[PDB]
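S.K.: What follows is input39.txt; its format and atoms are compact mmCIF, C-alpha atoms.
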# COMPACT_ATOMS: atom_id res chain seq x y z
CA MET A 1 117.38 50.85 77.18
CA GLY A 2 115.15 53.40 78.91
CA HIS A 3 115.07 56.75 77.07
CA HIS A 4 111.41 57.23 78.12
CA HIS A 5 109.09 56.31 81.05
CA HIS A 6 106.28 53.69 81.02
CA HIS A 7 102.65 53.84 82.25
CA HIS A 8 99.96 51.10 82.12
CA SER A 9 96.55 52.47 81.01
CA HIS A 10 93.81 51.52 78.50
CA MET A 11 94.10 54.43 76.03
CA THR A 12 90.90 53.43 74.21
CA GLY A 13 87.11 53.77 74.21
CA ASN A 14 83.74 53.01 72.59
CA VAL A 15 84.00 55.84 70.05
CA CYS A 16 82.04 55.79 66.75
CA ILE A 17 82.09 58.12 63.71
CA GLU A 18 78.71 59.90 64.06
CA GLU A 19 78.88 62.00 60.89
CA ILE A 20 81.38 63.69 58.53
CA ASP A 21 80.79 67.33 57.48
CA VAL A 22 79.03 67.68 54.08
CA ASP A 23 81.25 70.63 53.03
CA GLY A 24 84.42 68.77 54.10
CA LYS A 25 85.46 70.91 57.09
CA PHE A 26 85.40 68.49 60.05
CA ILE A 27 85.04 64.87 61.25
CA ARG A 28 82.72 64.22 64.24
CA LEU A 29 83.56 61.27 66.52
CA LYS A 30 81.09 60.12 69.23
CA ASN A 31 81.92 58.22 72.46
CA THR A 32 78.84 56.15 73.44
CA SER A 33 80.53 54.03 76.15
CA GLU A 34 79.37 53.07 79.68
CA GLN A 35 82.36 54.84 81.31
CA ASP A 36 84.68 57.86 80.91
CA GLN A 37 87.23 56.72 78.27
CA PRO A 38 90.86 58.04 78.21
CA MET A 39 91.94 59.06 74.67
CA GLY A 40 95.69 58.96 75.32
CA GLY A 41 96.93 59.26 71.74
CA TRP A 42 94.89 57.53 68.99
CA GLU A 43 95.65 57.92 65.26
CA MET A 44 92.84 58.83 62.83
CA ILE A 45 93.67 57.98 59.18
CA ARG A 46 91.65 60.23 56.84
CA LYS A 47 91.42 58.82 53.30
CA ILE A 48 89.56 60.54 50.42
CA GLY A 49 91.11 60.17 46.94
CA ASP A 50 94.47 59.07 45.47
CA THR A 51 96.40 59.69 48.73
CA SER A 52 95.59 59.94 52.47
CA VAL A 53 96.85 61.45 55.75
CA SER A 54 96.60 60.51 59.47
CA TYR A 55 96.37 62.54 62.71
CA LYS A 56 97.55 61.61 66.23
CA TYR A 57 95.80 62.77 69.44
CA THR A 58 97.15 63.93 72.84
CA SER A 59 96.36 63.28 76.53
CA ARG A 60 94.44 66.43 77.58
CA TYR A 61 90.80 65.24 77.87
CA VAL A 62 88.64 62.23 78.87
CA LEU A 63 85.68 61.13 76.69
CA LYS A 64 82.53 61.06 78.87
CA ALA A 65 79.49 58.86 78.14
CA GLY A 66 77.70 60.57 75.24
CA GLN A 67 80.56 63.03 74.60
CA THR A 68 81.17 64.03 70.95
CA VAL A 69 84.50 65.34 69.60
CA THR A 70 84.89 67.29 66.33
CA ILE A 71 88.14 67.39 64.31
CA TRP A 72 88.23 70.69 62.35
CA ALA A 73 90.75 70.54 59.47
CA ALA A 74 92.72 73.79 60.10
CA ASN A 75 90.32 76.20 58.31
CA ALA A 76 87.65 76.51 61.02
CA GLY A 77 87.76 79.96 62.68
CA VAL A 78 87.11 78.30 66.07
CA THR A 79 89.76 78.40 68.87
CA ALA A 80 92.76 76.20 67.93
CA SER A 81 92.60 72.95 69.95
CA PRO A 82 89.78 73.18 72.61
CA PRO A 83 88.59 72.30 75.61
CA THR A 84 85.56 70.98 73.62
CA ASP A 85 86.75 69.68 70.22
CA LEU A 86 90.11 69.57 68.30
CA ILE A 87 91.64 71.37 65.28
CA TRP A 88 93.83 69.39 62.84
CA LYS A 89 96.85 71.78 62.80
CA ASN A 90 98.63 69.63 60.16
CA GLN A 91 96.00 69.41 57.38
CA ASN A 92 93.48 71.93 55.92
CA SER A 93 89.81 71.62 54.81
CA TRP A 94 89.66 68.79 52.24
CA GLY A 95 86.17 69.25 50.75
CA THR A 96 84.28 65.92 50.76
CA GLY A 97 83.33 66.13 47.07
CA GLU A 98 85.43 62.96 46.99
CA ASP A 99 83.87 60.43 49.41
CA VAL A 100 86.13 60.75 52.48
CA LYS A 101 86.89 57.57 54.48
CA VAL A 102 87.90 57.78 58.17
CA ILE A 103 89.95 54.96 59.76
CA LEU A 104 89.90 54.80 63.61
CA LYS A 105 93.06 53.18 65.06
CA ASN A 106 93.94 52.99 68.79
CA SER A 107 97.03 54.57 70.41
CA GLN A 108 99.02 51.38 69.62
CA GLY A 109 98.07 51.19 65.91
CA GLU A 110 95.46 48.42 66.35
CA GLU A 111 92.14 49.17 64.57
CA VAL A 112 88.62 49.62 66.02
CA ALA A 113 86.42 50.67 63.06
CA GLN A 114 86.25 52.49 59.71
CA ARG A 115 83.47 54.48 57.96
CA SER A 116 82.99 56.70 54.86
CA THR A 117 80.43 59.11 53.36
CA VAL A 118 77.54 58.25 51.00
CA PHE A 119 77.62 58.88 47.22
CA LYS A 120 75.07 61.73 46.92
CA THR A 121 74.82 65.12 45.16
CA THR A 122 74.94 68.46 47.06
Take the structure in this file and express it as C-alpha cells.

M.R.:
Amino acid sequence: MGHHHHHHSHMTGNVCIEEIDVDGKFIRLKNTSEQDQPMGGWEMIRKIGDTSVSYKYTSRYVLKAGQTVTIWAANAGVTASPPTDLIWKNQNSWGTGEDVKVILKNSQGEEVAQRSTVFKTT
C-alpha cells in the first residue's frame, strides 16, 4: 500500500536544551555530538501551563558538532525560517512567566530528553 516512498536514515542526534529565553521568545537547542547529525523531522513539545503545543521540524539542515539552533515563537523580527535558526510559524511568543517545559522527541515519536526553567523572579 505505497502512497509514499521510503528512505533509511538515522534522523536523530546528541541535541540538548542549552537554555530557554527569560522573556519567553525562543527555545535554544544545542547539538554537542561527535558527528554531523541529520534533523529529519523531530517534534518538540512545548508545555507551560494548563495546556501545551508541539512543533515538527523539516529536512533542510544538518546539525554540526557544537551547532546551536534557536526556535523563535513567531514574534521575533528575524527572517522567517533560516539558514541559521528556525521560527515557529504556528505559535506566538508565550512569555515564560509560567515555567515552560520543553519535551524533545525524535522524528518517530520516541523521546530523548526533557527540561524546564527554574522558579525565579525577573

S.K.: Using all atoms listed in the file, which of the listed residues (A:107, A:32, A:91, A:59) sits closest to residue 71 in chain A?

M.R.: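 Checking each candidate against residue 71 in chain A, we get A:91 as the closest.
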
S.K.: Let me make sure I understand: among A:8, A:105, A:46, A:120, which one has the smallest atom-to-atom distance to residue 92 in chain A if we use all atoms listed in the file?

M.R.: A:46

S.K.: One decimal, Å: what's the distance from CA of residue 84 in chain A over to CA of residue 72 in chain A, could you say?

M.R.: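 Answer for the CA of residue 84 in chain A to CA of residue 72 in chain A separation: 11.6 Å.
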
S.K.: Nearest to residue 23 in chain A: which of A:81, A:117, A:90, A:58 is it, counting all atoms listed in the file?

M.R.: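 Among the listed residues, A:117 lies closest to residue 23 in chain A.
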
S.K.: CA of residue 28 in chain A and CA of residue 9 in chain A are how many Å apart?

M.R.: 24.7 Å

S.K.: Pick out the residues sitting within 8 Å of residue 80 in chain A, and hand them over as an NGL selection string; count all atoms listed in the file, and ignore anything fewer than 4 positions along from it in its own chain.

M.R.: :A and (86-87 or 89)

S.K.: Find the distance between CA of residue 96 in chain A and CA of residue 62 in chain A and write it in Å to one decimal.

M.R.: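 One can read the CA of residue 96 in chain A to CA of residue 62 in chain A distance as 28.7 Å.
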
S.K.: When you look at residue 42 in chain A with a cut-off of 8 Å (counting only C-alpha atoms), what residues show up, excluding the ones that are within fewer than 5 positions of it in the same chain? I need them as number ranges by chain.

M.R.: A: 11-12, 56-58, 104-109

S.K.: Using all atoms listed in the file, find the one residue out of A:36, A:43, A:98, A:21 that sits nearest to residue 61 in chain A.

M.R.: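 With all atoms listed in the file as the atom set, the closest residue is A:36.
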
S.K.: Near residue 45 in chain A, counting all atoms listed in the file, which residues have an atom at most 8 Å away, once you skip same-chain residues fewer than 5 positions from it, shown as a ChimeraX atom specification?

M.R.: /A:52-55,102-105

S.K.: Env of residue 119 in chain A: 10 Å cut, atoms = all atoms listed in the file, seq-sep filter 3 positions within chain, self excluded. Answer as a VMD selection string.

M.R.: chain A and resid 97 to 99 116 122

S.K.: Keeping C-alpha atoms, export the residues of the selection given above as a PDB file, in the frame of the given file.

M.R.:
ATOM      1  CA  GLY A  97      83.330  66.130  47.070  1.00  0.00           C
ATOM      2  CA  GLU A  98      85.430  62.960  46.990  1.00  0.00           C
ATOM      3  CA  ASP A  99      83.870  60.430  49.410  1.00  0.00           C
ATOM      4  CA  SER A 116      82.990  56.700  54.860  1.00  0.00           C
ATOM      5  CA  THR A 122      74.940  68.460  47.060  1.00  0.00           C
TER       6      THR A 122
END

S.K.: Which of these residues is nearest to residue 17 in chain A, using all atoms listed in the file: A:4, A:47, A:64, A:30?

M.R.: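 Looking only at the distances to residue 17 in chain A, the closest residue turns out to be A:30.
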
S.K.: Out of A:51, A:113, A:101, A:60, which residue has the shortest atom-to-atom distance to residue 83 in chain A when counting all atoms listed in the file?

M.R.: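 Of A:51, A:113, A:101, A:60, the one nearest residue 83 in chain A, counting all atoms listed in the file, is A:60.
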
S.K.: Could you give me, as a PyMOL selection string, the residues within 10 Å of range 14-16 of chain A, counting all atoms listed in the file and dropping anything in the same chain fewer than 5 positions from it?

M.R.: chain A and resi 28-37+39+63+65-69+104+112-115

S.K.: Quick one: 5 Å padding each side, axis-aligned, all listed atoms of range 68-86 of chain A - centre and edge lengths in Å to one decimal, as JSON?

M.R.:
{"center_x": 87.0, "center_y": 72.0, "center_z": 67.0, "size_x": 21.6, "size_y": 25.9, "size_z": 27.3}

S.K.: Could range 2-100 of chain A be written out with C-alpha atoms, as a PDB file, in the first residue's frame, please?

M.R.:
ATOM      1  CA  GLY A   2       2.608   2.518  -1.156  1.00  0.00           C
ATOM      2  CA  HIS A   3       1.248   6.091  -1.237  1.00  0.00           C
ATOM      3  CA  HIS A   4       4.712   7.424  -0.231  1.00  0.00           C
ATOM      4  CA  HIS A   5       8.416   6.500  -0.693  1.00  0.00           C
ATOM      5  CA  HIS A   6      10.784   5.094   1.982  1.00  0.00           C
ATOM      6  CA  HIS A   7      14.356   6.060   2.993  1.00  0.00           C
ATOM      7  CA  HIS A   8      16.578   4.528   5.720  1.00  0.00           C
ATOM      8  CA  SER A   9      18.417   7.206   7.769  1.00  0.00           C
ATOM      9  CA  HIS A  10      19.040   7.999  11.466  1.00  0.00           C
ATOM     10  CA  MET A  11      17.031  11.238  11.827  1.00  0.00           C
ATOM     11  CA  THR A  12      18.448  11.935  15.303  1.00  0.00           C
ATOM     12  CA  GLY A  13      21.361  13.489  17.196  1.00  0.00           C
ATOM     13  CA  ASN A  14      23.013  14.390  20.517  1.00  0.00           C
ATOM     14  CA  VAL A  15      20.988  17.594  20.981  1.00  0.00           C
ATOM     15  CA  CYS A  16      20.441  19.166  24.432  1.00  0.00           C
ATOM     16  CA  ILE A  17      18.318  22.128  25.591  1.00  0.00           C
ATOM     17  CA  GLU A  18      21.011  24.741  26.383  1.00  0.00           C
ATOM     18  CA  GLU A  19      18.715  27.500  27.669  1.00  0.00           C
ATOM     19  CA  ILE A  20      15.171  28.884  27.294  1.00  0.00           C
ATOM     20  CA  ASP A  21      14.673  32.649  26.788  1.00  0.00           C
ATOM     21  CA  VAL A  22      13.883  34.541  30.033  1.00  0.00           C
ATOM     22  CA  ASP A  23      11.266  36.761  28.311  1.00  0.00           C
ATOM     23  CA  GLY A  24       9.625  33.739  26.638  1.00  0.00           C
ATOM     24  CA  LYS A  25      10.527  34.439  22.992  1.00  0.00           C
ATOM     25  CA  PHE A  26      12.623  31.413  21.944  1.00  0.00           C
ATOM     26  CA  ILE A  27      13.944  27.934  22.844  1.00  0.00           C
ATOM     27  CA  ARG A  28      17.666  27.240  22.214  1.00  0.00           C
ATOM     28  CA  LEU A  29      18.689  23.646  21.402  1.00  0.00           C
ATOM     29  CA  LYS A  30      22.386  22.637  21.281  1.00  0.00           C
ATOM     30  CA  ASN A  31      23.923  19.705  19.332  1.00  0.00           C
ATOM     31  CA  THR A  32      27.093  18.580  21.179  1.00  0.00           C
ATOM     32  CA  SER A  33      27.651  15.324  19.230  1.00  0.00           C
ATOM     33  CA  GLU A  34      30.835  13.808  17.733  1.00  0.00           C
ATOM     34  CA  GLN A  35      29.403  13.931  14.179  1.00  0.00           C
ATOM     35  CA  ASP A  36      27.115  15.994  11.903  1.00  0.00           C
ATOM     36  CA  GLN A  37      23.576  14.906  12.924  1.00  0.00           C
ATOM     37  CA  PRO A  38      20.621  14.907  10.439  1.00  0.00           C
ATOM     38  CA  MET A  39      17.478  16.506  11.966  1.00  0.00           C
ATOM     39  CA  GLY A  40      14.989  14.982   9.512  1.00  0.00           C
ATOM     40  CA  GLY A  41      11.757  15.895  11.300  1.00  0.00           C
ATOM     41  CA  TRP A  42      11.751  15.827  15.133  1.00  0.00           C
ATOM     42  CA  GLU A  43       8.800  17.021  17.247  1.00  0.00           C
ATOM     43  CA  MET A  44       9.372  19.477  20.122  1.00  0.00           C
ATOM     44  CA  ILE A  45       6.508  19.511  22.671  1.00  0.00           C
ATOM     45  CA  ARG A  46       6.431  22.889  24.473  1.00  0.00           C
ATOM     46  CA  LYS A  47       4.493  22.736  27.765  1.00  0.00           C
ATOM     47  CA  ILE A  48       3.991  25.738  30.096  1.00  0.00           C
ATOM     48  CA  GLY A  49       0.643  25.911  31.929  1.00  0.00           C
ATOM     49  CA  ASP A  50      -2.797  24.249  31.666  1.00  0.00           C
ATOM     50  CA  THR A  51      -2.298  23.210  28.004  1.00  0.00           C
ATOM     51  CA  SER A  52       0.655  22.603  25.628  1.00  0.00           C
ATOM     52  CA  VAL A  53       1.618  22.578  21.924  1.00  0.00           C
ATOM     53  CA  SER A  54       4.223  20.733  19.787  1.00  0.00           C
ATOM     54  CA  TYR A  55       6.269  21.675  16.687  1.00  0.00           C
ATOM     55  CA  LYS A  56       7.636  19.420  13.916  1.00  0.00           C
ATOM     56  CA  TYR A  57      10.915  20.094  12.049  1.00  0.00           C
ATOM     57  CA  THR A  58      11.907  19.687   8.357  1.00  0.00           C
ATOM     58  CA  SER A  59      14.888  18.279   6.403  1.00  0.00           C
ATOM     59  CA  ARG A  60      16.776  21.439   5.314  1.00  0.00           C
ATOM     60  CA  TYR A  61      19.879  21.484   7.588  1.00  0.00           C
ATOM     61  CA  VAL A  62      22.414  19.206   9.337  1.00  0.00           C
ATOM     62  CA  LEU A  63      23.436  19.832  12.983  1.00  0.00           C
ATOM     63  CA  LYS A  64      27.242  20.170  13.137  1.00  0.00           C
ATOM     64  CA  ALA A  65      29.316  19.412  16.265  1.00  0.00           C
ATOM     65  CA  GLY A  66      28.750  22.396  18.581  1.00  0.00           C
ATOM     66  CA  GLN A  67      25.938  23.845  16.428  1.00  0.00           C
ATOM     67  CA  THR A  68      23.095  25.612  18.297  1.00  0.00           C
ATOM     68  CA  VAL A  69      19.561  26.076  16.903  1.00  0.00           C
ATOM     69  CA  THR A  70      17.058  28.665  18.207  1.00  0.00           C
ATOM     70  CA  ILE A  71      13.266  28.271  17.869  1.00  0.00           C
ATOM     71  CA  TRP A  72      11.699  31.776  17.797  1.00  0.00           C
ATOM     72  CA  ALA A  73       7.947  31.659  18.584  1.00  0.00           C
ATOM     73  CA  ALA A  74       6.558  33.737  15.652  1.00  0.00           C
ATOM     74  CA  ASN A  75       7.101  37.219  17.193  1.00  0.00           C
ATOM     75  CA  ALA A  76      10.853  37.585  16.538  1.00  0.00           C
ATOM     76  CA  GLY A  77      11.530  40.153  13.785  1.00  0.00           C
ATOM     77  CA  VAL A  78      14.288  37.882  12.412  1.00  0.00           C
ATOM     78  CA  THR A  79      13.986  36.274   8.922  1.00  0.00           C
ATOM     79  CA  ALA A  80      11.246  33.593   8.937  1.00  0.00           C
ATOM     80  CA  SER A  81      12.900  30.130   8.981  1.00  0.00           C
ATOM     81  CA  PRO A  82      16.738  30.486   8.483  1.00  0.00           C
ATOM     82  CA  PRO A  83      19.606  29.211   7.342  1.00  0.00           C
ATOM     83  CA  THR A  84      20.818  29.611  10.985  1.00  0.00           C
ATOM     84  CA  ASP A  85      17.861  29.052  13.353  1.00  0.00           C
ATOM     85  CA  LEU A  86      14.068  28.410  12.976  1.00  0.00           C
ATOM     86  CA  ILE A  87      10.839  30.407  13.548  1.00  0.00           C
ATOM     87  CA  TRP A  88       7.769  28.623  14.993  1.00  0.00           C
ATOM     88  CA  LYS A  89       5.223  29.780  12.351  1.00  0.00           C
ATOM     89  CA  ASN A  90       2.348  28.043  14.231  1.00  0.00           C
ATOM     90  CA  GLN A  91       2.665  29.531  17.751  1.00  0.00           C
ATOM     91  CA  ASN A  92       3.500  33.049  19.064  1.00  0.00           C
ATOM     92  CA  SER A  93       5.676  34.309  21.982  1.00  0.00           C
ATOM     93  CA  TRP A  94       4.400  32.576  25.148  1.00  0.00           C
ATOM     94  CA  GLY A  95       6.130  34.572  27.902  1.00  0.00           C
ATOM     95  CA  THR A  96       7.876  32.206  30.360  1.00  0.00           C
ATOM     96  CA  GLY A  97       6.272  33.790  33.447  1.00  0.00           C
ATOM     97  CA  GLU A  98       4.848  30.281  33.744  1.00  0.00           C
ATOM     98  CA  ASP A  99       7.774  27.814  33.942  1.00  0.00           C
ATOM     99  CA  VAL A 100       7.926  26.449  30.370  1.00  0.00           C
TER     100      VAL A 100
END
